[PDB]
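Asker: please find the sequence and an experimentally derived structure below.
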There are 2 protein chains.
Amino acid sequence: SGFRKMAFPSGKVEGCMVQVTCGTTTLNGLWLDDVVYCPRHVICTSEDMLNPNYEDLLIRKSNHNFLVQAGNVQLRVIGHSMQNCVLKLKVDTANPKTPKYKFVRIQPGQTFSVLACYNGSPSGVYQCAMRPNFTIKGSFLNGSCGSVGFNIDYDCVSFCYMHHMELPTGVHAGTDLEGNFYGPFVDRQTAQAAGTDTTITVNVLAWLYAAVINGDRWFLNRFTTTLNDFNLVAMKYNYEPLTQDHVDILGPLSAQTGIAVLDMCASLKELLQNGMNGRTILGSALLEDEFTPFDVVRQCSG
Amino acid sequence: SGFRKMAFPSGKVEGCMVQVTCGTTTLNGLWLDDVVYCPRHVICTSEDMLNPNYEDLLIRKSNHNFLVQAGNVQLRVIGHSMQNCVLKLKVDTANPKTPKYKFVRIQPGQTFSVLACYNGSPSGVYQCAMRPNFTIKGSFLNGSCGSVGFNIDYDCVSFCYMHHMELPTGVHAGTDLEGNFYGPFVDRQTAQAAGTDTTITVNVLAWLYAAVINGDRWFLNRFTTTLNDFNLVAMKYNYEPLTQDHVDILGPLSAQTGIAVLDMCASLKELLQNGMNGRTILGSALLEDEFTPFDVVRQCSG
Ligand SMILES: COCCCCNC(=O)C[C@H](Cc1ccc(F)cc1)NC(=O)[C@@H](Cc1ccc(Cl)cc1Cl)NC(=O)[C@H](N)Cc1ccccc1C#N
Ligand SMILES: COCCCCNC(=O)C[C@H](Cc1ccc(F)cc1)NC(=O)[C@@H](Cc1ccc(Cl)cc1Cl)NC(=O)[C@H](N)Cc1ccccc1C#N
């Protein structure tokens, strides 16, 4: 029993982290087979960052302008290219620790593990969700750029996030591993604003099912509601509308606990209307929304 | 910026996890050099578990009664011994992925990362504190026994916890890697009760300093207090007494933020007396006590 913010074991990703240096700029790269992936703003000076023309800046670079370091061993760059906002550096050595992997672009509300790195070296691992406004609430300092987010499925690592920048609000923005930003952001040093965020409704509901599975039941009630009446309450408290696809995704949890989805929605409505009144759920005093239905099934007993 | 429950990268420990089978009992083991460490109750049947005589049960075992599996490759057991509540199995192969490591016995209030495993295979990683009552609030299912907790310091893995059992309250009990239980517990299947728990005061204070470092300042006040007057309030709300050693440990955070420790204590007193009144700190609606002063310095900017 018990319920924790749980990350995937990070070893398979740790074996891929390298350091990329261009000039006086240093950040992290991802070394898979004979290619290193990193944020393209590694080629920018502090002055270039305010309004870069990346095609211009890259054409002025050659292979020997890039220093890749795997541990203390330097990797020789033999080619370089640009794909959206990621730089690809071909090296002369295939990574012998390359896991089985895929690149995936996730939807808002999905979670992933982040291996935070500095100067190519892993420092810590934590769980994140992609917020509905396409930021993540990460923990990142200067030099963390190029750290990746991932999920693992049967020894296959699915990379879904590469870290690029921190916004003025302190939240974080980045790309998929093909270099496409999540959200409307661009890789230049200007003050950029994310849209207003919302709460991930299907995840809150998943986490209420985790609580029931773990013996927290004080919030349940006998009532039920309709999808339409629930969604009126969701709008009022800045929750995402509940879709029929999300009801179906919650099927397995609903069946394991005997609590129909719309039954659990009535409990959530009461929690939104009355608060918790000093009580906690799974050790939390607010409604948690960064556990997907899959996260709950993975962590909880059957 | 940002603040997350952050675990250590788990790869170095992942390379040490094996599966140990004795009869119909299977659990996890830790393979370091040519020795496998696991909970000694692997030698117990379901009937033996109610009141075992372990010396009796072990003398009735031979090396070929133990099946160690590292991946699909079986390791041959060449010796076996008992050290307190851990079983040691000498195998004929030294683990080539053995990290630099140490065994350490931690104090209550210290944190560590847990690599939760099943059938020798790592499933997830999370952060725990050793509670003042010597339990941990883990996330563990059947088959997780033998999972270890650890910290990492400059590529040296310090193992501090091996998982043995879940108590009736759903919390978790285990040993150091020399097999000595944390707390008064014993490895038999009886209903055992932990003492009443308390809140880790020095950690709450550390986390308030993390919040200031991350720009949450709404809870600060101009007041200060004495160690003696604070400790009266600590008693009232079931917080551990604040010691002078703990004040000194908070020195670096105090200096980085300009807020003297006893100044921060006055803020905590007001938070205990008045609650948060609908506001959050570092995204939490309660006072978090599983971040040590070291955890905060490690994760936060200088
Ligand atoms: C309200 O309380 C919260 C307080 C929040 C305070 N937060 C900040 O002051 C961070 C600022 C906010 C900001 C300010 C003016 C702007 F005009 C744009 C953004 N952000 C960066 O300075 C950006 C600037 C930048 C670089 C390169 C690119 Cl492509 C894009 C940008 Cl925006 N630096 C990077 O992201 C680095 N790479 C990594 C880094 C460096 C330093 C600290 C964290 C990180 C991280 N992670
Ligand atoms: C209030 O809401 C919370 C609900 C809590 C409900 N929780 C439980 O029912 C778990 C029970 C509680 C209990 C009941 C009667 C007793 F008499 C003693 C303890 N605990 C175990 O059944 C013990 C029994 C046991 C075995 C071996 C030894 Cl040496 C010692 C013990 Cl105590 N099984 C193990 O720990 C396994 N190894 C691993 C395991 C197996 C299953 C589920 C988790 C785990 C884990 N992790």
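Answerer: Happy to help now that I have it. Residues are numbered from 1 along each chain as shown, chains lettered A, B, ... in the order given. Ligands and ions are numbered 1, 2, ... in the order given.

Asker: which parts of chain A sit against ligand 2?
Answerer: Contact residues, chain A versus ligand 2 (Cβ under 6 Å from any ligand atom): A:1, A:215. Bear in mind the C-beta positions are built from the backbone N, C-alpha and C, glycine included.

Asker: tell me the domain ranges of chain A?
Answerer: Listed by CATH domains of a matching chain, the domain ranges of chain A are A:1-14+A:100-197, A:15-99, A:198-301.

Asker: is chain B contacted by the first one?
Answerer: Yes - residues of domain A:1-14+A:100-197 contacting chain B under Cβ under 8 Å from any Cβ of the partner chain: A:1-12, A:14, A:115-116, A:122-128, A:137-142, A:166, A:170-172.

Asker: list buried residues within those.
Answerer: If you count burial by 16 or more other Cβ atoms under 10 Å in any protein chain shown, the buried members of the residues of domain A:1-14+A:100-197 next to chain B come out as A:1-12, A:14, A:115-116, A:122-128, A:137-140, A:166, A:171-172.

Asker: narrow those residues to those in helices?
Answerer: A:11, A:12, A:14 (DSSP state H).

Asker: so can I have JSON lines of the residues you listed showing distance to residue B:150?
Answerer: Putting these into JSON lines (distance: Cβ to Cβ, whole Å) gives the following:
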{"residue": "A:11", "distance to residue B:150": "13"}
{"residue": "A:12", "distance to residue B:150": "18"}
{"residue": "A:14", "distance to residue B:150": "15"}
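
Asker: which of these lies closest to ligand 1?
Answerer: The closest of those to ligand 1 turns out to be residue A:14 (Cβ to the nearest ligand atom; 19.7 Å).

Asker: how far away is the closest residue to that closest one other than its chain neighbours from residue B:119?
Answerer: Distances taken as Cβ to Cβ, 6 or more residues apart in numbering or on different chains put residue B:11 closest to residue A:14, at 4.2 Å, once the chain neighbours are dropped. Distance, residue B:11 to residue B:119, by Cβ to Cβ, to the nearest Å: 19 Å.

Asker: contacts for the one helix or strand residue A:246 maps to next, please.
Answerer: Taking DSSP states H and E as the definition, residue A:246 sits inside helix A:244-249. Residues from elsewhere that reach helix A:244-249, judged by Cβ atoms under 8 Å, 6 or more residues apart in numbering or on different chains: A:201, A:202, A:205, A:227, A:261, A:262, A:293.

Asker: next, count neighbours for the nearest residue to residue A:95 once chain neighbours are set aside.
Answerer: Spatially, and ignoring its direct neighbours in sequence, residue A:95 is nearest to residue A:31 (4.6 Å; Cβ to Cβ, 6+ apart). Neighbours of residue A:31 under the rule other Cβ atoms under 10 Å in any protein chain shown: 25.

Asker: check the secondary structure at residue A:31 for me.
Answerer: What DSSP: H, G, I helix; E, B strand; the rest coil gives for residue A:31 is strand.

Asker: beta partners of it?
Answerer: Note on residue A:31: beta-bridge partners by DSSP bridges are residue A:36.

Asker: check contacts around it.
Answerer: So residue A:31 contacts A:16, A:17, A:18, A:37, A:68, A:70, A:75, A:91, A:95, A:98 (Cβ under 8 Å, 6+ apart).

Asker: out of those residues, who's nearest chain B?
Answerer: residue A:17 (9.3 Å; Cβ to the nearest Cβ).

Asker: name the nearest residue to the closest one, ignoring sequence neighbours.
Answerer: Among residues not flanking residue A:17 along the chain, residue A:117 sits closest, at 5.1 Å (Cβ to Cβ, 6+ apart).

Asker: can you say which helix or strand has the residue in the stretch 101-250 of chain A positioned nearest to ligand 2 in it?
Answerer: Relative to ligand 2, the nearest point of the stretch 101-250 of chain A is residue A:215 (3.9 Å; Cβ to the nearest ligand atom). Assessed by DSSP H and E, residue A:215 sits outside every helix and strand.

Asker: next, the contact list for it, please.
Answerer: Under the criterion of Cβ under 8 Å, 6+ apart, the neighbours of residue A:215 are A:1, B:170.

Asker: in this structure the residue nearest to residue A:14 contacts residue A:17, no?
Answerer: No - using Cβ atoms under 8 Å, residue B:11 makes no contact with residue A:17, being 10.3 Å away.

Asker: what do the two both touch?
Answerer: Residues touching both residue B:11 and residue A:17 by Cβ under 8 Å, 6+ apart: residue A:122.

Asker: tell me which parts of chain A are close to ligand 1?
Answerer: So chain A meets ligand 1 at A:41, A:49, A:140-142, A:144-145, A:164-170, A:172, A:187-191 (Cβ under 6 Å from any ligand atom).

Asker: who's in contact with the residue in chain A positioned nearest to chain B?
Answerer: Residue nearest to chain B within chain A (Cβ to the nearest Cβ): residue A:11, separated by 2.8 Å. Contacts here follow Cβ under 8 Å, 6+ apart; on that basis residue A:11 touches B:9, B:10, B:11, B:12, B:14, B:15, B:122.

Asker: swap in residue A:118?
Answerer: Applying Cβ under 8 Å, 6+ apart, we find residue A:118 in contact with A:28, A:141, A:143, A:144.

Asker: among these, name the buried ones.
Answerer: For these, a burial check counting by 16+ other Cβ under 10 Å picks out A:28, A:143, A:144.

Asker: residue A:210 and residue A:297 touch, don't they?
Answerer: No - taking contacts as Cβ under 8 Å, residue A:210 lies outside contact range of residue A:297: 9.2 Å.

Asker: compare the two (neighbour count), which wins?
Answerer: Neighbour totals were compared for residue A:210 and residue A:297, and residue A:210 leads with 23 against 17 (other Cβ under 10 Å).

Asker: how near is the more buried one to residue A:44?
Answerer: Counting by Cβ to Cβ, the gap from residue A:210 to residue A:44 is 44 Å.
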